[PDB]
Structures are given as structure tokens and as C-alpha cells.
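Consider the single chain below, provided in C-alpha cells and representing the form deposited in one PDB entry.
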């Protein structure tokens, strides 16, 4: 017997990655700390978006490592911001007639794309490449989301005449009482 698969429905609470392809290459949408948005071939911790809805059909895409927001400009160039831009950085979501998502700005009409042929969203005429996204659940463990690891250097007395290499004598900060 074909044992039942896990329950359908509630799978959007948590991190998602926006996969897309054009039968020549496959990319997951990824937001970089420097405000760069690009397609990573694999699932990177910088590609972990968290889509949250405000109205009925108007999503905002955050990403949990860059801390950016997926925001847009007047010529359609996707980028990442740090402060909310509700008039420009909040995309109307839509689901095409083959299960593929599309995200278009409500005022710019330019579909969210990973390519360089952004266009207006006509009612099912033709989409630009890399604009028909698909949400895939996150499989990256959260331990790799703590990748920022405090690691500084000591380099104490870099001259080649050091008299205490293992740092046994460790002075402790104080306050000398000079009136």
C-alpha cells in the first residue's frame, strides 16, 4: 500500500527558498549582506527567505541572514534594503496556472525576476525567465545559521623576543584610586 505522505497545507510557517529555472540552469533567490540579490545554484543560508503576508495577496520577503527586505526600484532592479518601504517594497503575490508563483510590484507592474528581461505582468501572456518562482521548504539546519562565529586574533607582542608565550600572567582590569 502507498502509505500516506505527510499532511498537506500548513508548511509556510518558517523559512522558505525561492527556486527557479529555465531548463538551462537552476537558481535559488539569495540576498547578500551588501544588498545584492542573485541566484545561488545551491541552498545557501543567505537564500533563506521568510515570506510574511500583510493583506490578502501582498507578501513581504525578508531573509533571515542578510536581515534585508526584498525591495525594488523604478526600473525593476531587485535589491535588499534595511528599512521598510511599503509603497515600493511589498509585492502582490500570484499563482500562475501551473503551480508556479509570480511576485509583481502593485505599482511598477514589473515581475520579480532573477534575469535581465523584466517586463510588465500581462494576464497570462508570457513571463520573463527566472520569474516563475517556486517555494521550497528549508532543509539547512539552524546550526549553520549561527555561522557568524566570534573569532578575533591576539597577536600580542609580535616581535620575535617574547618572554611569555603561553600567557600564564593574565592581568585583570581594575581602577587605580588616584585622588
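Under this definition, the rigid core comprises the largest set of C-alpha atoms superposing within 1.5 Å between the forms. Positions refer to the first chain, counted from 1.
Below, we refer to the form deposited in another entry, which is not included among the displayed structures.
K.L.:
On a core-based superposition, does residue 171 travel 2 Å or more at its Cα between this form and the one not shown?
P.N.:
It does not reach a 2 Å shift.
K.L.:
Taking 2 Å as the cut-off, check whether the CA of residue 26 shifts that much or more between this form and the one not shown after a rigid core fit.
P.N.:
After core superposition, the displacement of the residue 26 C-alpha between this form and the one not shown stays below 2 Å, so no.
K.L.:
Superposing on the rigid core, is the CA of residue 149 displaced by 2 Å or more between this form and the one not shown?
P.N.:
Comparing forms between this form and the one not shown, the residue 149 CA shifts at least 2 Å.
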